[PDB]
Amino acid sequence: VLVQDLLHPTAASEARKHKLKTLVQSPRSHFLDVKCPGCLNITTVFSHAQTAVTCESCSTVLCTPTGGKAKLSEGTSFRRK
Amino acid sequence: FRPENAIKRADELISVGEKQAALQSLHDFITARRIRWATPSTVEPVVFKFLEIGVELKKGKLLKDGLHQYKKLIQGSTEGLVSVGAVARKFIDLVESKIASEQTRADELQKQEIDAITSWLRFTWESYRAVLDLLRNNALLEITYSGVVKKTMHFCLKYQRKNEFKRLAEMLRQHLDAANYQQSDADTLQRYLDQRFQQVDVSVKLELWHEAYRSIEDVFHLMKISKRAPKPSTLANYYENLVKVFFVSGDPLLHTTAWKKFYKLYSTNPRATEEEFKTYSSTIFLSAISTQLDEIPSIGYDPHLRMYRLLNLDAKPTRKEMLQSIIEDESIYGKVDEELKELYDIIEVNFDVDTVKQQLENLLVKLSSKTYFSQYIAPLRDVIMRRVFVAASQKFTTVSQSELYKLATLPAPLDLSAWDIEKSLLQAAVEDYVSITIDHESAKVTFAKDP
Amino acid sequence: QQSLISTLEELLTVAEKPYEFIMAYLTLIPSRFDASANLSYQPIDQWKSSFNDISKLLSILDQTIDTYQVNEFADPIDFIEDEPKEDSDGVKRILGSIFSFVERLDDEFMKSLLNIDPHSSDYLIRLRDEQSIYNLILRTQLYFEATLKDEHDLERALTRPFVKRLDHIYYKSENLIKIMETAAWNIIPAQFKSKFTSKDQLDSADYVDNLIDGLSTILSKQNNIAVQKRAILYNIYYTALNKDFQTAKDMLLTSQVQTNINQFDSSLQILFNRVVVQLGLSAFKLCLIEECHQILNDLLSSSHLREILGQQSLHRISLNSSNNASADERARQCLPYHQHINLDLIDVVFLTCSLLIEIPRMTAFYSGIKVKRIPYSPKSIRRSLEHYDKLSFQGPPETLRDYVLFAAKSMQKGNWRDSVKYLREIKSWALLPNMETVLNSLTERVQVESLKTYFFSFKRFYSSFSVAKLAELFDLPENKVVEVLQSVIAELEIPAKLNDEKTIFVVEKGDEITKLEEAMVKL
RNA sequence: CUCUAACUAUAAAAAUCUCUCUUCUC
RNA sequence: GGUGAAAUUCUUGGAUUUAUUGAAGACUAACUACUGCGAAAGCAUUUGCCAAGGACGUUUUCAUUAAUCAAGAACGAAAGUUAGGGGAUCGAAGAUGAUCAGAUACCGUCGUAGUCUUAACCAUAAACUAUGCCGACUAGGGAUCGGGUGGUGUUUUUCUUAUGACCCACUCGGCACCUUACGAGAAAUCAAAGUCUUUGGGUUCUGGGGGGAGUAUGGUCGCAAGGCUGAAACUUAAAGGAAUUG
Ligand SMILES: [Mg+2]
Ligand SMILES: [Mg+2]
Ligand SMILES: [Mg+2]
Ligand SMILES: [Mg+2]
Ligand SMILES: [Mg+2]
Ligand SMILES: [Mg+2]
Ligand SMILES: [Mg+2]
Ligand SMILES: [Mg+2]
Ligand SMILES: [Mg+2]
Ligand SMILES: [Mg+2]
Ligand SMILES: [Mg+2]
Ligand SMILES: [Mg+2]
Ligand SMILES: [Mg+2]
Ligand SMILES: [Mg+2]
Ligand SMILES: [Mg+2]
Ligand SMILES: [Zn+2]
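Considerations on the overall build of chain C
Point 1. Secondary structure summary: chain C contains 21 helices and zero strands in total.
Point 2. Radius of gyration (C-alpha) of chain C: 31 Å, far over the 24 Å computed for a compact globule of 523 residues.
Point 3. Here the C-alpha coordinates of chain C stretch approximately 105 × 50 × 45 Å along the principal axes.
Point 4. Buried residues in chain C amount to 47% of all 523 residues.
Point 5. A distance of 8 Å separates the average location of the 59 positive side-chain charges in chain C from that of its 73 negative side-chain charges.

Regarding the overall build of chain A
Point 1. Tallying secondary structure elements over chain A gives one helix and three strands in all.
Point 2. The secondary structure elements of chain A, listed N-terminal to C-terminal, are α-β-β-β.
Point 3. The dimensions of chain A, computed from C-alpha atoms along their principal axes, are 60 × 20 × 20 Å.
Point 4. Expressed as a percentage of the 81 residues in chain A, the buried residues total 22%.

Structural notes on the protein's contact with RNA strand E
Point 1. Lining the immediate environment of RNA strand E, one finds 17 residues, of which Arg16(A), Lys19(A), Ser29(A), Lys69(A) and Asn38(C) sit closest.
Point 2. Sugar and phosphate atoms constitute 74% of the interface atoms of RNA strand E, taking the interface as everything within 4 Å of the protein.
Point 3. For RNA strand E, a phosphate oxygen lies 2.5 Å from a polar atom in the side chain of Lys69(A).
Point 4. Between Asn324(C) and RNA strand E, the recorded distance is 2.9 Å, taken from a side-chain N or O atom to a phosphate oxygen.
Point 5. In terms of residue class, the surface near RNA strand E is made up of three nonpolar, nine polar and five charged.

Remarks on a nonpolar patch on the surface
Residues and elements named next belong to chain A.
Point 1. A contiguous nonpolar patch, built from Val 1, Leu 2 and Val 3 and spanning about 450 Å² of accessible area, is present on the exposed surface.
Point 2. Positionally, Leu 2 belongs in the segment before helix 1 (11–16).
Point 3. For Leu 2, a relative accessible area of 81% corresponds to the exposed category.

Some remarks on the UniProt feature "binding site: Zn(2+) 5" (unreviewed entry) in chain A
All names here are of chain A.
Point 1. The UniProt record marks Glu 56 and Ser 57 with the feature "binding site: Zn(2+) 5" (unreviewed entry), using the residue numbering of this structure.
Point 2. Structurally, the position occupied by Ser 57 is in the loop between strand 2 (43–46) and strand 3 (77–80).
Point 3. Judged by its relative accessible area of 41%, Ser 57 falls in the partly exposed class.

Digging into the sheet that holds strand 1 (residues 399–400) of chain B
All names here are of chain B.
Point 1. Taken in spatial order, the three strands make up an open sheet running 1-3-2, and their pairing is antiparallel. The open sheet is flanked by strand 1 and strand 2 (436–439), the only strands paired with a single partner.
Point 2. Sheet topology note: the strand 2/strand 3 (residues 444–447) ladder contains four bridges and is antiparallel. Residue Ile 436 lies in a different strand from strand 3, and its bridge partner there is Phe 447.

What about the pattern of salt bridges?
Two side chains with opposite charge may pair up if their charged atoms get near one another.
Point 1. Scanning the model with the defined rule gives 27 salt bridges over all chains in all.
Point 2. Between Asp213(C) and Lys243(C) there is a salt bridge; the shortest N-O distance is 3.1 Å. On the criterion of sequence distance, the pair formed by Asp213(C) in helix 8 (residues 208–219) and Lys243(C) in helix 9 (residues 225–243) is long-range, its members being 30 residues apart.
Point 3. Counted as one network, the salt bridges with shared partners bring together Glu142(B), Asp187(B) and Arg191(B).

What about the sheet that holds strand 2 of chain A?
Pairing between sheet strands relies on hydrogen bonds along the backbone, with the strands arranged either parallel or antiparallel.
All names here are of chain A.
Point 1. Read across the open sheet, the three strands follow the order 2-1-3; overall the sheet is antiparallel. This sheet does not close on itself; its edge strands, each paired only once, are strand 2 and strand 3. Strand after strand, the sheet turns through a mean of 35 degrees between neighbouring axes, direction not considered.
Point 2. Looking at chain direction, strand 1 (residues 31–35) and strand 2 are connected through four bridges and run antiparallel. The residue bridging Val 34 from the neighbouring strand is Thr 43, located in strand 2.

Observations regarding the environment of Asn297(C)
Residue and element names in this part refer to chain C.
Point 1. Summarising the element assignment, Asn 297 is placed in the loop between helix 12 (289–295) and helix 13 (324–327).
Point 2. The partly exposed category is assigned to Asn 297, whose relative accessible area is 26%.
Point 3. Taking C-alpha positions, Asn 297 is 24 Å from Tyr 366, a pair spaced 69 residues apart along the chain.
Point 4. Beyond its immediate chain neighbours, meaning those up to four positions away, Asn 297 contacts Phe 350 and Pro 378.

Regarding the nonpolar core
In globular proteins that are soluble, nonpolar side chains generally tend to be buried together.
Point 1. Formed by 215 residues in total, the largest nonpolar core has its most connected members in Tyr238(B), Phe284(C) and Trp429(C).
Point 2. Examining the composition of this core, we find that 12 residues originate from one element, helix 14 (residues 343–367) of chain C, more than from any other.
Point 3. Residues within four places of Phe284(C) in sequence aside, it is in contact with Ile289(C), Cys292(C), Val349(C), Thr352(C), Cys353(C), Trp429(C), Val438(C) and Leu442(C).
Point 4. Formed by 47 residues, the second largest nonpolar core is a distinct cluster that contains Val43(B), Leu51(B), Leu81(B) and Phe91(B).

Points about the side chain of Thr352(C)
All names here are of chain C.
Point 1. Structurally, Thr 352 can be placed in helix 14.
Point 2. A relative accessible area of 6% means that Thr 352 is categorised as buried.
Point 3. Setting aside residues no more than four positions away along its own chain, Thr 352 makes contact with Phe 284, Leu 423, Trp 429 and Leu 442.

Notes on the interface of chain B and chain C
Point 1. Taken together, the contact between chain B and chain C spans 32 residues of the former and 28 residues of the latter.
Point 2. Summed over both sides, the interface between chain B and chain C buries roughly 2,500 Å², with carbon and sulfur atoms accounting for 59% of that surface.
Point 3. Linking chain B with chain C are zero salt bridges, by the criterion used here.
Point 4. Seen at the junction of chain B and chain C, the total is nine residue pairs in polar contact.

Side note on the UniProt feature "domain: PCI" in chain C
Point 1. Listed under "domain: PCI" in the UniProt record, and renumbered for this structure, are residues 337–512 of chain C.
Point 2. Annotated as residues 337–512 of chain C, this span is 57% helix and 0% strand, and its ends, taken at the C-alpha atoms, are 57 Å apart.

Quick notes on unusual backbone geometry
Point 1. One non-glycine residue, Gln256(C), lies in positive phi territory at about 45 degrees.
Point 2. Mapped onto the elements, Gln256(C) comes out in the loop between helix 10 (246–255) and helix 11 (266–285).

Concerning the environment of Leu51(B)
Residue and element names in this part refer to chain B.
Point 1. Mapped onto the fold, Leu 51 is located in helix 4 (residues 45–56).
Point 2. Look at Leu 51 and you get buried, because its relative accessible area is 1%.
Point 3. In this structure, the C-alpha to C-alpha distance between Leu 51 and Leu 67, residues 16 residues apart in sequence, is 10.0 Å.

Focus: the UniProt feature "binding site: Zn(2+) 2" (unreviewed entry) in chain A
All names here are of chain A.
Point 1. Under the local residue numbering, the UniProt record ascribes the feature "binding site: Zn(2+) 2" (unreviewed entry) to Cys 36, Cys 58 and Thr 60. Separation in sequence by 25 residues is not matched in space for these annotated residues, since their most distant C-alpha atoms are only 9.2 Å apart.
Point 2. Along the chain, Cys 58 falls in the loop between strand 2 and strand 3.
Point 3. In this structure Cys 58 comes out as partly exposed when scored by relative accessible area, which is 29%.
Point 4. For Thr 60, the position within the fold is in the loop between strand 2 and strand 3.

Rules used in this analysis
Residues numbered from 1 in each chain as written, not as in the entry; some residues may be left out. Chains lettered and ligands numbered in written order. Part of a larger assembly, values for the part shown. Heavy atoms only, no water. Helix = DSSP H or I, 4+ residues; strand = E, 2+ residues; numbered from the N terminus. Rg over C-alpha atoms; globule rule 2.2 N^0.38 Å. Buried < 20%, exposed > 50% of the residue type's maximum accessible area, 1.4 Å probe, protein only. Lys, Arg positive; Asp, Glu negative; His and termini not counted. Charge placed at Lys NZ, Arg CZ, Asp CG, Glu CD. Near = heavy atom within 4 Å. Polar contact = N/O pair within 3.5 Å; in protein donor to acceptor, adjacent residues only side chain to side chain. Nonpolar A, V, L, I, M, F, W, Y, C, P; charged D, E, K, R; others polar. Patch = residues over 30% accessible without salt bridge, like charges linked within 9 Å, V, L, I, M, F, W, Y side chains within 5 Å. Areas by Shrake-Rupley, 256 points an atom, 1.4 Å probe, with all protein chains shown as cover. Salt bridge = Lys/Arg side-chain N within 4 Å of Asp/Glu carboxyl O. UniProt positions renumbered as here; feature names shortened; annotations may be inferred. Pairing = 2+ DSSP bridges. Axes fitted to C-alpha atoms, helices over the stretch in contact; angles between N-to-C directions. Contact = heavy atoms within 4.5 Å. Core = buried A, V, L, I, M, F, W, Y, C linked by side-chain atoms within 4.5 Å. Buried area = accessible area lost by both parts, 1.4 Å probe.

Following this line, the structure appears as structure tokens:
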């Protein structure tokens, strides 16, 4: 300490800190393209989804409410994007 | 707690219906911390009940876990280690009795088929493997490994599986590596050696040729690395098995040397009969004659040099040197029957084909008068045939085929076809002793090597 | 869950109306499945009870056909609806249920059979229950073909039972498939609505192939392409099993389904693997050596034949990788024991192919001729021969590979009797549907390849050797010998005086040293 | 470079107090 | 019984104990901690219902809606006052038997109102962390509570995944803690009681030596107890704070 570069924190240190405390207030969340085990369609979901997201194709609720991220349904496949 | 109350509660759990509760309860008794403080030898029969319901159940890895914890509770002195070794030998005996029970169920099932045992065999074999892996790096266990080895060896005898031997051998190899990894018992090495002898004895007890030879090569490595010379009592049949291997495995000189060693081991045992000595000497002598000549330095590296690492020798002699060494010996040479010696003197020195074949007609049926000619015919027959080839090459070059066809035609117990004659000559030429020109316009053969 | 299941059974007993029965089952059967959804395999008696009350559901609907969902005047139900509230139509949002029950049963059954010992009697009784599963598949197909009327909706809701009719039929012979169909149609005394009218005649032989080809034809019309590739692979499966190999090769060339298969899930690749090895085996049945050589040069080029084909237990797969996530993945794609094709047969077929293609050519390579032999076939028999040449043991055979290598070494030496004796000793040939003719063709081809390798081996120490005597001692027609010799002389142009009026060679000219001397004299 | 076991068992009553307070500078 | 010792008091109508039961109201032991909730008072058997709240998560929504706040309001320990209900325990008053010079006090026994409730007054407490609230910054260390993060983590076990419980590295918020001064203080001490003579973040409310005295008087709320508001005449050189040595 006593000499840093607040412009250029270590990226490991940068993600180490909490959001809202970084250099730029960035979100930790992300968006996942999830496919149901039944239908091959792609449905986008917010990572910390609040409501019980349902695929409009079929009543195959993919993610259940939780304090943190919604829990998936054991059969779907998610892609980070 | 108390072993008797533990047996009572396991019995109660037998009664109500849940045997896994009996298994868990017996695990609780054996694996408790107080077994570390209390004397493990006094509390033996809880482990026995653990064994009984484990045989009733299908949980062999939990058996391993309970046994390993019961070792871990007593790791200072020998009393508790002998106690756990006894309970382990009892476990091996009881699961072998279970294997016999599965065998009789299989026999009844076969009779019903006329009128999955593999599951229980896999379970019991994995129990054997868990027992073996558990008992590594521990020193004072001595009779324990002997009992486990004997009953596991019975297990390998009863059923035929070749992959089980591979698994067992590689796991013993890793165990010896671990034993080297954690080096006051000088009987451990001999214990592994005796396990190997039992492996060989059973592997040759039933329809195997490579399993026993692999165990035998490991036995040779164990002798040479270690100090003590194995038991002559078991080494006799061990070299009998080793001879059983050398029938088509390759070099016949190793067969001759090993059969000489069997003769040497049979020279002092209480069961000694002199006509058996005559027959054994005759067998050795005919096998030695059957050995194929090797007088030419090969091209590059013949990969038949790794075999002589089985009979303590490295230098490469020829067949003539080996038979001269046999002549130099006493035990063999004073007991060979005289007719075989006569036929030998006919074969090598002054091998004139006409007189050799005539004396073969004289002495081959008499050579079959005693039950010894059936041992080695094919390589000896090929030797006499190659001898006909080489003598014909020496004698004359310009000649037609049919003269060779009838001058190479052999008596009843060593005879072959005409195409067999030609093919043998061809492959003796492939060895590149003397090249030949074989024309068929008038069916002529001419031996042409420019001197 | 168990108390809720018992409560729903109690309410079913208390219930009286068929619609109430169906709603209670719709609330109960998935509750039971969820109570048995975490397990690998379900209790046999409980799973059979679920099967039985699912069949009860289907039978009660058969008693209440098209009435519990009132007619097209109002396709959604009309009378009491406020209580369950889940009534929007009667087309697919409620009808799309029973096949889901059937397929959940089928998935649990497949996981169970992969998790059961194939050699046990419980596996066989589970196969006897699989018979009933297929009968339920047929009953559900009948009911669903009865329900939906519009051809688009009928196709979308009835191509899946066509896939099911494929999935549990394609492997067995036509006779047992006919027996299965007849038994299923007997188990249903009354219901009859089908696109294909099977009940009318069960006395012909070109009927199972016709039915499966009709299934594929009807399946090819819907939008889903992966299902269409699945159907064409099943057509290849059936044809290479029963019909012939020429038709399978022709429709393979017609469909060209090769480039869209790996981008998709692993089941498509698994079925491709099985059908390709099956067609290679069938081509070997019809005596197509080089053809199945070209065929099996895809799966056996790589070292692994366990994952790619999918034929395996779980202990033998739990040691290659040591993580839990793939222990449920490296084993989920496992294949039923009532579907397996012997790995021993595949291996011995490929090894025989290598023996028949390589050993004469490798002899010609060693003799000194280098004009044609460019390639190096991956994982051939030459590498096994070299590895055997690298070791200290040269004794009796141990496995199928050892027997094949010893047949190859007898092939190289100059005889053919030891190779055919080992092939007859090779006991991986007990599963050939055609025994006598393929064995005779293999014997004749062993003879001819031995004669060719003898032509290659000895032309230097010989100046003249017989040809008809070789034919008599090698059991080959003399004209066939001379035709093979002309083929060899075309392939290599060996310097040798060959004649038929003489049957005697004049060979002593020179293999390659004279040609190099000639080229050096040239310039 | 391996750890978390001991322990005791007392009380009654006793209030009050007259002065006299005085420097640090070498 | 009861005590330091004793007496009062109950007891052959058999007290004390020994068992079963049953009644009443009481409280919720041990779990119980430098741990949790709430604005503070305060809150501890179980279960259901009723509504509520903090913190955390949020690529959700509005866009200054914010802070403290005279005036006004709601809660507000215990005791107290009405009235009705209950009435065990324990105990102001009283009755007692001791101690002592006296003891109508402390110890000892009985015993009224209260102690518990149901609606209404009372609004005071050392209602204390004797530290007003909202902000930003500043030093090292650990655990702990609530949430959420990532583990090729461990046992779990239901074969295996799923949970749960743990281990690690976190992070946000909460009660706190330890070490230190390089800051303060007069010090005791404080991680705020620092960022204050190098004196300015926004804000309410209090004090000007001690007594007289929270007393006099007038209001004001209360039935009453009393609470809030609130002096002066006059009297003194101290009272007081922290530490040092005896
Ligand atoms: Mg006085
Ligand atoms: Mg009494
Ligand atoms: Mg409690
Ligand atoms: Mg708590
Ligand atoms: Mg106010
Ligand atoms: Mg009160
Ligand atoms: Mg008194
Ligand atoms: Mg009093
Ligand atoms: Mg009192
Ligand atoms: Mg009292
Ligand atoms: Mg006050
Ligand atoms: Mg004042
Ligand atoms: Mg005052
Ligand atoms: Mg007043
Ligand atoms: Mg003071
Ligand atoms: Zn879906």
